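To be precise, the following lines are work_34.txt, and they hold compact mmCIF, C-alpha atoms.
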# COMPACT_ATOMS: atom_id res chain seq x y z
CA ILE I 1 5.62 -20.45 3.86
CA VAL I 2 6.32 -23.17 1.29
CA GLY I 3 8.39 -22.19 -1.73
CA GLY I 4 8.69 -18.56 -0.71
CA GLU I 5 11.77 -16.43 -0.11
CA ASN I 6 13.41 -14.81 2.94
CA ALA I 7 12.25 -11.29 3.75
CA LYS I 8 14.59 -8.39 4.47
CA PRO I 9 14.50 -7.08 8.08
CA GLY I 10 12.20 -4.09 8.26
CA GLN I 11 10.40 -5.04 5.05
CA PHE I 12 7.24 -5.98 6.98
CA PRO I 13 6.55 -3.46 9.82
CA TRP I 14 3.15 -5.04 10.62
CA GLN I 15 4.18 -8.70 10.49
CA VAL I 16 3.86 -9.95 14.05
CA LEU I 17 4.90 -13.32 15.50
CA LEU I 18 2.42 -14.90 17.89
CA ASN I 19 3.96 -16.94 20.67
CA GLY I 20 1.71 -18.96 22.93
CA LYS I 21 1.40 -22.58 23.99
CA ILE I 22 4.48 -23.92 22.15
CA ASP I 23 5.21 -20.57 20.36
CA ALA I 24 5.28 -19.54 16.66
CA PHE I 25 1.83 -21.06 16.20
CA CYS I 26 0.38 -18.04 14.41
CA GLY I 27 1.19 -14.65 12.98
CA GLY I 28 -0.71 -11.41 13.11
CA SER I 29 -0.79 -7.86 11.77
CA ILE I 30 -0.65 -4.61 13.69
CA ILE I 31 -3.86 -2.61 13.30
CA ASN I 32 -2.34 0.00 15.62
CA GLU I 33 -0.11 0.55 18.70
CA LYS I 34 -2.43 -1.32 21.09
CA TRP I 35 -4.40 -3.89 19.04
CA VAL I 36 -3.04 -6.54 16.60
CA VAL I 37 -5.12 -8.74 14.28
CA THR I 38 -4.99 -12.49 13.65
CA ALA I 39 -7.25 -15.44 12.79
CA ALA I 40 -9.83 -16.67 15.35
CA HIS I 41 -8.57 -20.24 15.07
CA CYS I 42 -5.38 -19.19 16.90
CA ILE I 43 -7.16 -18.40 20.13
CA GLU I 44 -6.75 -21.62 22.14
CA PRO I 45 -8.90 -21.48 25.33
CA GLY I 46 -6.81 -20.84 28.39
CA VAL I 47 -3.39 -20.03 26.92
CA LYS I 48 -1.43 -16.79 27.32
CA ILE I 49 -0.36 -15.15 24.06
CA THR I 50 2.58 -12.81 23.56
CA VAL I 51 2.82 -10.75 20.37
CA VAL I 52 6.41 -10.50 19.13
CA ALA I 53 6.49 -7.27 17.12
CA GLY I 54 9.72 -6.48 15.33
CA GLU I 55 10.90 -10.10 15.32
CA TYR I 56 12.91 -11.48 12.39
CA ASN I 57 15.26 -14.44 12.97
CA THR I 58 13.91 -16.72 15.70
CA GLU I 59 17.35 -18.17 16.51
CA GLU I 60 18.64 -14.72 17.50
CA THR I 61 17.49 -11.80 19.66
CA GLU I 62 16.77 -8.92 17.27
CA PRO I 63 17.04 -5.52 19.10
CA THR I 64 13.80 -4.51 17.33
CA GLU I 65 11.65 -7.11 19.11
CA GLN I 66 8.84 -5.74 21.24
CA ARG I 67 6.87 -8.34 23.18
CA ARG I 68 3.46 -7.68 24.63
CA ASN I 69 0.80 -9.70 26.41
CA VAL I 70 -2.76 -10.17 25.17
CA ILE I 71 -5.31 -9.06 27.76
CA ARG I 72 -8.36 -9.60 25.58
CA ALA I 73 -9.01 -11.73 22.50
CA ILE I 74 -12.22 -10.75 20.70
CA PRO I 75 -12.94 -13.22 17.92
CA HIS I 76 -15.59 -12.14 15.41
CA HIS I 77 -19.02 -12.41 17.07
CA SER I 78 -20.30 -15.03 14.64
CA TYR I 79 -17.05 -16.98 14.42
CA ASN I 80 -17.78 -20.66 15.08
CA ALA I 81 -20.41 -21.92 17.52
CA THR I 82 -19.88 -25.48 16.27
CA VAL I 83 -19.76 -25.14 12.50
CA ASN I 84 -17.18 -24.39 9.74
CA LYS I 85 -14.23 -23.25 11.88
CA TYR I 86 -12.87 -20.91 9.22
CA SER I 87 -15.86 -18.74 8.37
CA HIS I 88 -15.35 -15.41 10.14
CA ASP I 89 -11.92 -16.80 11.09
CA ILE I 90 -10.68 -13.43 12.40
CA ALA I 91 -9.94 -11.96 15.81
CA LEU I 92 -8.51 -8.89 17.53
CA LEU I 93 -5.82 -9.09 20.22
CA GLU I 94 -5.63 -6.16 22.66
CA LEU I 95 -2.06 -5.72 23.89
CA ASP I 96 -1.75 -4.43 27.47
CA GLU I 97 1.01 -1.89 26.93
CA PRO I 98 1.15 0.09 23.67
CA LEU I 99 3.98 -0.84 21.31
CA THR I 100 6.59 1.74 20.40
CA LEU I 101 5.85 2.69 16.79
CA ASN I 102 8.92 2.83 14.60
CA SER I 103 10.51 1.75 11.30
CA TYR I 104 10.09 -1.84 12.45
CA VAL I 105 6.77 -1.39 14.26
CA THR I 106 4.24 0.18 11.89
CA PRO I 107 0.54 -0.64 11.43
CA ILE I 108 -1.06 -1.74 8.12
CA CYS I 109 -3.67 0.36 6.41
CA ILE I 110 -7.29 -0.69 6.73
CA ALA I 111 -9.29 0.41 3.70
CA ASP I 112 -13.06 0.86 3.84
CA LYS I 113 -15.30 -1.95 2.59
CA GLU I 114 -15.19 -0.77 -1.06
CA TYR I 115 -11.46 -0.14 -1.57
CA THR I 116 -10.36 -3.31 0.24
CA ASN I 117 -12.16 -5.43 -2.37
CA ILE I 118 -10.88 -3.12 -5.08
CA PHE I 119 -7.25 -3.75 -4.00
CA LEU I 120 -7.95 -7.48 -3.65
CA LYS I 121 -8.95 -7.97 -7.27
CA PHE I 122 -5.90 -6.09 -8.52
CA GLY I 123 -4.49 -9.60 -8.87
CA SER I 124 -1.53 -10.10 -6.54
CA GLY I 125 -0.75 -9.76 -2.87
CA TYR I 126 2.05 -10.42 -0.43
CA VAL I 127 1.66 -13.04 2.26
CA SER I 128 4.34 -13.05 4.94
CA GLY I 129 4.70 -15.46 7.84
CA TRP I 130 6.81 -17.67 10.10
CA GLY I 131 5.84 -21.24 9.38
CA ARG I 132 6.38 -24.54 7.63
CA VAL I 133 8.83 -24.03 4.78
CA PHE I 134 8.04 -27.51 3.46
CA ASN I 135 4.53 -28.97 3.58
CA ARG I 136 5.00 -30.31 7.11
CA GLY I 137 8.79 -30.31 6.91
CA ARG I 138 10.12 -27.54 9.17
CA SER I 139 9.10 -24.10 10.46
CA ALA I 140 10.27 -20.64 9.42
CA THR I 141 13.18 -19.42 11.48
CA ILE I 142 13.61 -16.21 9.43
CA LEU I 143 10.50 -14.34 8.25
CA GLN I 144 9.42 -15.53 4.76
CA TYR I 145 7.25 -13.88 2.13
CA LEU I 146 5.61 -14.94 -1.15
CA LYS I 147 3.52 -13.15 -3.83
CA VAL I 148 0.23 -14.97 -4.43
CA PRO I 149 -2.21 -14.46 -7.37
CA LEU I 150 -5.87 -14.10 -6.45
CA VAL I 151 -7.64 -17.24 -7.75
CA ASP I 152 -11.18 -16.85 -9.10
CA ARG I 153 -14.25 -18.44 -7.51
CA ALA I 154 -15.14 -20.81 -10.36
CA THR I 155 -11.75 -22.47 -10.05
CA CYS I 156 -11.54 -22.26 -6.24
CA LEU I 157 -14.99 -23.81 -5.72
CA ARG I 158 -14.02 -26.73 -7.94
CA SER I 159 -10.67 -27.55 -6.32
CA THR I 160 -12.21 -27.82 -2.86
CA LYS I 161 -14.93 -30.16 -1.59
CA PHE I 162 -15.38 -27.59 1.16
CA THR I 163 -18.06 -24.96 0.65
CA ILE I 164 -15.97 -21.89 -0.17
CA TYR I 165 -17.99 -19.25 1.66
CA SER I 166 -18.36 -15.61 0.64
CA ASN I 167 -16.32 -14.72 3.68
CA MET I 168 -13.27 -16.14 2.00
CA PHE I 169 -11.31 -16.31 -1.25
CA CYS I 170 -8.70 -18.43 -2.97
CA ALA I 171 -5.16 -17.49 -3.87
CA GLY I 172 -2.13 -19.51 -4.93
CA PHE I 173 -0.19 -21.00 -7.81
CA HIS I 174 -2.16 -23.39 -10.04
CA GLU I 175 0.69 -25.91 -10.12
CA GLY I 176 2.11 -27.52 -6.99
CA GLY I 177 4.93 -25.61 -5.36
CA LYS I 178 4.34 -22.36 -3.46
CA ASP I 179 1.78 -21.48 -0.75
CA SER I 180 1.29 -20.63 2.92
CA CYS I 181 1.42 -23.63 5.28
CA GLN I 182 0.80 -24.52 8.94
CA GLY I 183 2.16 -21.79 11.17
CA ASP I 184 1.11 -18.78 9.12
CA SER I 185 -2.53 -18.38 10.09
CA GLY I 186 -3.47 -14.91 11.22
CA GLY I 187 -0.53 -13.61 9.22
CA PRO I 188 -1.11 -10.86 6.70
CA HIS I 189 -2.19 -10.83 3.10
CA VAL I 190 -1.33 -7.34 1.91
CA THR I 191 -1.69 -5.60 -1.44
CA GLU I 192 0.48 -2.53 -1.89
CA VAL I 193 -0.95 0.19 -4.10
CA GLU I 194 1.99 2.44 -5.00
CA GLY I 195 4.10 2.36 -1.84
CA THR I 196 1.33 2.40 0.75
CA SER I 197 0.35 -1.16 1.69
CA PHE I 198 -3.16 -2.29 2.73
CA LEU I 199 -4.69 -5.43 4.28
CA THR I 200 -6.77 -7.65 1.95
CA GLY I 201 -7.67 -10.77 3.86
CA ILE I 202 -6.20 -12.64 6.84
CA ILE I 203 -4.33 -15.87 6.03
CA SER I 204 -6.61 -18.69 7.20
CA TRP I 205 -6.30 -22.29 5.94
CA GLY I 206 -5.65 -24.82 3.19
CA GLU I 207 -5.80 -28.57 2.47
CA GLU I 208 -2.10 -29.46 2.88
CA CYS I 209 0.51 -27.14 1.31
CA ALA I 210 2.44 -26.73 -1.98
CA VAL I 211 0.53 -29.39 -3.91
CA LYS I 212 -1.09 -28.86 -7.33
CA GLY I 213 -4.82 -28.64 -7.66
CA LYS I 214 -4.93 -26.89 -4.31
CA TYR I 215 -4.87 -23.19 -3.43
CA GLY I 216 -4.50 -21.39 -0.13
CA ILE I 217 -7.77 -19.92 1.07
CA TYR I 218 -7.84 -16.65 2.99
CA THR I 219 -10.37 -14.59 4.94
CA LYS I 220 -12.12 -11.76 3.07
CA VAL I 221 -11.16 -8.81 5.24
CA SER I 222 -13.52 -6.71 3.14
CA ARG I 223 -16.34 -8.28 5.18
CA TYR I 224 -15.18 -7.26 8.66
CA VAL I 225 -12.94 -4.27 7.91
CA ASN I 226 -15.65 -2.04 9.43
CA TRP I 227 -15.85 -4.27 12.52
CA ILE I 228 -12.10 -3.76 12.88
CA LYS I 229 -12.61 0.00 12.46
CA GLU I 230 -15.09 0.23 15.33
CA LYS I 231 -13.31 -2.37 17.48
CA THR I 232 -9.92 -0.64 17.63
CA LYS I 233 -11.10 2.94 18.21
CA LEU I 234 -8.84 4.96 20.52
CA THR I 235 -10.95 8.10 21.01
CA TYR S 1 22.70 42.04 -30.19
CA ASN S 2 26.36 41.38 -30.99
CA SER S 3 27.14 44.71 -32.64
CA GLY S 4 29.12 46.91 -30.24
CA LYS S 5 32.82 46.13 -30.04
CA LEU S 6 34.08 42.81 -28.68
CA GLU S 7 30.97 41.80 -26.77
CA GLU S 8 31.35 38.09 -27.35
CA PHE S 9 34.53 38.25 -25.29
CA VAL S 10 32.44 38.96 -22.19
CA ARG S 11 30.50 36.37 -20.21
CA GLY S 12 26.95 36.32 -21.52
CA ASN S 13 24.47 38.34 -19.49
CA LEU S 14 21.05 37.51 -20.86
CA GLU S 15 19.49 40.45 -19.05
CA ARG S 16 21.49 42.33 -21.63
CA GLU S 17 21.48 40.32 -24.85
CA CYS S 18 18.03 38.74 -24.95
CA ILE S 19 15.26 41.27 -24.33
CA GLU S 20 16.93 44.38 -25.29
CA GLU S 21 16.28 44.18 -28.92
CA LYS S 22 15.82 40.39 -29.02
CA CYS S 23 18.43 37.63 -28.62
CA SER S 24 19.24 34.45 -30.47
CA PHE S 25 18.79 31.05 -28.87
CA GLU S 26 22.52 30.46 -28.62
CA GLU S 27 23.16 33.72 -26.92
CA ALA S 28 20.42 32.63 -24.55
CA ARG S 29 21.80 29.13 -24.17
CA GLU S 30 25.45 29.67 -23.18
CA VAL S 31 24.10 32.13 -20.62
CA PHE S 32 21.47 29.80 -19.25
CA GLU S 33 23.64 26.64 -19.03
CA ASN S 34 20.81 24.25 -18.10
CA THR S 35 19.07 23.80 -21.32
CA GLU S 36 16.01 22.26 -20.14
CA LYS S 37 15.47 25.75 -18.65
CA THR S 38 16.27 27.33 -22.02
CA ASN S 39 13.70 25.31 -23.96
CA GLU S 40 10.88 26.90 -21.98
CA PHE S 41 12.28 30.41 -21.36
CA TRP S 42 11.82 29.85 -24.95
CA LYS S 43 8.34 28.72 -26.00
CA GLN S 44 6.90 31.67 -24.06
CA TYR S 45 8.96 34.29 -25.67
CA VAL S 46 7.54 34.25 -29.19
CA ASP S 47 5.84 31.84 -31.44
CA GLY S 48 2.31 32.61 -30.80
CA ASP S 49 1.95 31.05 -27.35
CA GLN S 50 -0.45 28.29 -28.33
CA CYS S 51 -1.70 28.87 -24.77
CA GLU S 52 -3.32 31.99 -26.30
CA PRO S 53 -6.42 33.13 -24.27
CA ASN S 54 -6.32 30.22 -21.84
CA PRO S 55 -8.16 27.22 -23.32
CA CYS S 56 -8.30 25.08 -20.19
CA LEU S 57 -11.14 26.44 -18.12
CA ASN S 58 -12.37 25.54 -14.62
CA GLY S 59 -9.19 27.06 -13.22
CA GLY S 60 -7.05 24.84 -15.42
CA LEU S 61 -3.40 25.70 -15.74
CA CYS S 62 -2.46 25.83 -19.40
CA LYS S 63 1.10 24.88 -20.21
CA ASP S 64 2.27 25.78 -23.74
CA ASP S 65 4.97 23.97 -25.78
CA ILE S 66 6.84 24.62 -29.07
CA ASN S 67 4.06 23.08 -31.18
CA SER S 68 1.34 21.99 -28.78
CA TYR S 69 0.24 22.69 -25.20
CA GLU S 70 -1.66 20.75 -22.50
CA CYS S 71 -3.64 21.26 -19.32
CA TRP S 72 -3.24 20.66 -15.65
CA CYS S 73 -6.66 20.75 -13.96
CA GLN S 74 -6.05 20.50 -10.20
CA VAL S 75 -9.21 18.73 -8.96
CA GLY S 76 -12.75 17.84 -9.94
CA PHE S 77 -12.23 18.33 -13.68
CA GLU S 78 -11.25 15.93 -16.42
CA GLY S 79 -10.67 16.22 -20.18
CA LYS S 80 -7.95 17.93 -22.24
CA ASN S 81 -9.59 21.29 -21.51
CA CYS S 82 -10.93 20.56 -18.00
CA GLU S 83 -14.48 20.74 -19.37
CA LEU S 84 -15.57 17.37 -18.11
CA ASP S 85 -16.18 16.89 -14.39
CA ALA S 86 -14.19 14.26 -12.52
CA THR S 87 -16.39 11.28 -11.61
CA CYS S 88 -15.08 8.72 -9.13
CA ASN S 89 -14.72 5.99 -11.80
CA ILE S 90 -12.39 7.53 -14.40
CA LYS S 91 -8.84 7.22 -13.07
CA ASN S 92 -9.76 7.08 -9.37
CA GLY S 93 -11.25 10.57 -9.64
CA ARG S 94 -7.67 11.85 -9.57
CA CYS S 95 -7.47 11.17 -5.82
CA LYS S 96 -4.40 9.33 -4.58
CA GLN S 97 -6.45 7.42 -2.04
CA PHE S 98 -10.24 7.43 -1.60
CA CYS S 99 -12.84 9.33 -3.57
CA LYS S 100 -16.62 9.44 -3.34
CA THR S 101 -19.24 11.46 -5.20
CA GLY S 102 -21.53 13.52 -2.96
CA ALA S 103 -23.75 16.56 -2.29
CA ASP S 104 -23.60 17.19 -6.05
CA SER S 105 -21.77 15.31 -8.82
CA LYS S 106 -18.09 16.21 -8.49
CA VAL S 107 -15.61 14.03 -6.64
CA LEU S 108 -14.30 14.51 -3.12
CA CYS S 109 -11.07 12.83 -2.02
CA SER S 110 -9.82 11.45 1.32
CA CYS S 111 -7.08 9.38 2.90
CA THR S 112 -6.80 6.54 5.46
CA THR S 113 -6.26 7.15 9.18
CA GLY S 114 -2.80 8.59 9.59
CA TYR S 115 -2.66 10.56 6.36
CA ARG S 116 -4.15 13.97 5.60
CA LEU S 117 -5.30 15.50 2.31
CA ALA S 118 -2.63 17.64 0.63
CA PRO S 119 -3.44 21.21 -0.47
CA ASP S 120 -4.17 20.01 -4.03
CA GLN S 121 -7.13 18.09 -2.61
CA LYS S 122 -5.99 14.79 -4.14
CA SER S 123 -2.75 13.65 -2.49
CA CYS S 124 -2.05 12.16 0.93
CA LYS S 125 0.66 13.32 3.33
CA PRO S 126 1.33 11.62 6.67
CA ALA S 127 0.14 13.14 9.97
CA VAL S 128 1.98 10.75 12.26
CA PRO S 129 5.71 9.93 12.21
CA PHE S 130 4.71 6.37 11.38
CA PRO S 131 1.80 6.25 8.93
CA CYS S 132 0.13 2.92 8.14
CA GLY S 133 1.57 0.60 5.55
CA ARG S 134 4.95 2.07 4.66
CA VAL S 135 8.19 0.09 4.50
CA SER S 136 10.37 2.37 6.62
CA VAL S 137 13.90 0.96 6.27
CA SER S 138 14.06 1.53 2.50
CA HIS S 139 12.82 5.12 2.73
CA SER S 140 15.07 6.23 5.60
CA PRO S 141 16.72 8.59 5.11
CA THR S 142 15.70 9.39 1.52
CA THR S 143 16.55 6.25 -0.46
CA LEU S 144 14.97 3.30 -2.27
CA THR S 145 15.77 -0.39 -2.67
CA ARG S 146 17.51 -0.45 -6.05
Let me see whether you can do it: turn the structure in this file into structure tokens.
Amino acid sequence: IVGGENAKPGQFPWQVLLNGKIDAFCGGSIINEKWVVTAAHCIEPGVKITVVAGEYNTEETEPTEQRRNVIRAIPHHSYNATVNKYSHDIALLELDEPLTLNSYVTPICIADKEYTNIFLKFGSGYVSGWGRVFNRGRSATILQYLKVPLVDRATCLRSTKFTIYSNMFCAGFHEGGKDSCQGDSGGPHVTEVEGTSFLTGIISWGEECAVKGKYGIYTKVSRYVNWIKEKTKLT
Amino acid sequence: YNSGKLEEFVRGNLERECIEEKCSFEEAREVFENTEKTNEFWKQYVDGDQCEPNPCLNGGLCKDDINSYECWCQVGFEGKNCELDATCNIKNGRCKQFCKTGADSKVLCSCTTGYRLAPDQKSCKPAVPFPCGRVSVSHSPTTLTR
């Protein structure tokens, strides 16, 4: 996260670190004890992924850490056959052994279709993730967070040459300075409405990072929230 | 009453002084101590309880004051006198989480998986030691990040 700030341990009970080929290549968000969520573009064919719940400082072994192994990775049906690789850029990771829910391992709330959009347009949201602190300068050793203002279509559409699909939305500071960068994808974009915090879009992509005229573009969770609902059912 | 023989010199007992005959506010105050609690012991006692013949209908709870009075309406009713019905668009329908109209015209609240609807029919209380979306370190045990 470029231009953000360091998060306090325990401040993000759903923020998950995704280790795989090379590690810390993506983040994720706990939907519930068994299944986490992340962006489809993190699923590299043939690699084994380990979710690192409860992680904080990468240089040290936090006693809260709870690793798991992905046994199934279900990207959204209509993800990318060979077209815009960030459309339904979302996927569900099914951990083998359930995590131990606690102060440091708590799921995020999934609102229905309506309310998710409602909480999105409230204006601001938190984006947390372990990644590049400088636009291609170094990765996040200690979990970082930033508050990013939802950026309207009219402006988004103009800043990018890329067809900003319905499936997504823009968000970021108008001037160059703060934004999510490489090594953040799949992370969360949450909007807290009076204490309780909900998911409003998975953190997907962006042309470079921290440069004016550009905004980070995220996945409109509102679109697949229901898919998530049916996909993670326990009973 | 303050009329016997050295009855100030005794600790006030408002059982005694106040609603025998009728007490003063000071008599009532030194005996109450917390004087929030005196202000309202108060507005009920006399000046014609503006809450006269309960204005707020639809089960509304009228709460009188010195001068004015207001109304607590529980659920499904809006307006200073709970006359108007709560519709899901004016102030979230009074529900703390999700509300939808249905089967008629009045609201109906709900909560996300993990929480349950409180007895007021508008609030959400957990139903799992670890409900979705709550920063746990700050809360535990019963604190807040100041």
Which distance in Å separates CA of residue 1 (chain I) and CA of residue 17 (chain I), to one decimal?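 Between these atoms lies a distance of 13.7 Å.
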Can you pull out the residues contacting residue 122 (chain S)? Cut-off 8 Å, using only C-alpha atoms, and skip same-chain residues under 3 positions away; I want them as a PyMOL selection string. chain S and resi 75+94-97+109-110+117-119
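Atom to atom, CA of residue 220 (chain I) and CA of residue 113 (chain I) stand 10.3 Å apart.
Distances here use all atoms listed in the file; by that measure, the residue among I:31, I:217, I:40, I:71 closest to chain S is I:31.
The spacing separating CA of residue 27 (chain I) from CA of residue 186 (chain I) amounts to 5.0 Å.
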Near residue 156 (chain I), within 10 Å and counting only C-alpha atoms, which residues show up once chain neighbours fewer than 6 positions away are dropped, as a ChimeraX atom specification? /I:150,162-164,169-172,213-217
Exercise: residue 183 (chain I) partners within 10 Å, all atoms listed in the file, chain neighbours under 2 positions left out, as a list in words: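 Result of the neighbour search: residues 1, 17, 18, 23, 24, 25, 26, 27, 42, 129, 130, 131, 132, 133, 136, 139, 140, 180, 181, 185, 186, 187 and 205 of chain I.
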Please, which residues of chain I lie no more than 10 Å from chain S when the count uses only C-alpha atoms, and can they be set out as number ranges by chain? I: 8-14, 30-32, 101-112, 114-115, 190-199
From the set I:28, I:74, I:123, I:142, which residue has the shortest atom-to-atom contact distance to residue 60 (chain I), counting only C-alpha atoms? I:142
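The environment of residue 96 (chain I) within 12 Å, counting all atoms listed in the file and disregarding residues fewer than 4 places along the same chain, consists of residues 33, 34, 35, 36, 49, 50, 51, 67, 68, 69, 70, 71, 72 and 73 of chain I.
Using only C-alpha atoms, the shortest contact distance between residue 143 (chain I) and any of I:208, I:184, I:179, I:94 is found at I:184.
Here the question is which of I:3, I:41, I:64, I:203 gets nearest to residue 80 (chain I) using all atoms listed in the file, and that residue is I:41.
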Shortest interatomic distance to residue 8 (chain S) - which of S:27, S:33, S:70, S:83, counting all atoms listed in the file: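 Closest candidate: S:27.
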Around (9.3, 27.1, -23.2) in the file's own coordinates, what residues are found within 12 Å if you use only C-alpha atoms, given back as a PDB file with C-alpha atoms, in the coordinates of the input?
ATOM      1  CA  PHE S  25      18.790  31.050 -28.870  1.00  0.00           C
ATOM      2  CA  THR S  35      19.070  23.800 -21.320  1.00  0.00           C
ATOM      3  CA  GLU S  36      16.010  22.260 -20.140  1.00  0.00           C
ATOM      4  CA  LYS S  37      15.470  25.750 -18.650  1.00  0.00           C
ATOM      5  CA  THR S  38      16.270  27.330 -22.020  1.00  0.00           C
ATOM      6  CA  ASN S  39      13.700  25.310 -23.960  1.00  0.00           C
ATOM      7  CA  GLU S  40      10.880  26.900 -21.980  1.00  0.00           C
ATOM      8  CA  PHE S  41      12.280  30.410 -21.360  1.00  0.00           C
ATOM      9  CA  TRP S  42      11.820  29.850 -24.950  1.00  0.00           C
ATOM     10  CA  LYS S  43       8.340  28.720 -26.000  1.00  0.00           C
ATOM     11  CA  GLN S  44       6.900  31.670 -24.060  1.00  0.00           C
ATOM     12  CA  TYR S  45       8.960  34.290 -25.670  1.00  0.00           C
ATOM     13  CA  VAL S  46       7.540  34.250 -29.190  1.00  0.00           C
ATOM     14  CA  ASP S  47       5.840  31.840 -31.440  1.00  0.00           C
ATOM     15  CA  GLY S  48       2.310  32.610 -30.800  1.00  0.00           C
ATOM     16  CA  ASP S  49       1.950  31.050 -27.350  1.00  0.00           C
ATOM     17  CA  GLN S  50      -0.450  28.290 -28.330  1.00  0.00           C
ATOM     18  CA  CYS S  51      -1.700  28.870 -24.770  1.00  0.00           C
ATOM     19  CA  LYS S  63       1.100  24.880 -20.210  1.00  0.00           C
ATOM     20  CA  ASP S  64       2.270  25.780 -23.740  1.00  0.00           C
ATOM     21  CA  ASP S  65       4.970  23.970 -25.780  1.00  0.00           C
ATOM     22  CA  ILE S  66       6.840  24.620 -29.070  1.00  0.00           C
ATOM     23  CA  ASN S  67       4.060  23.080 -31.180  1.00  0.00           C
ATOM     24  CA  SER S  68       1.340  21.990 -28.780  1.00  0.00           C
ATOM     25  CA  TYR S  69       0.240  22.690 -25.200  1.00  0.00           C
TER      26      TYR S  69
END
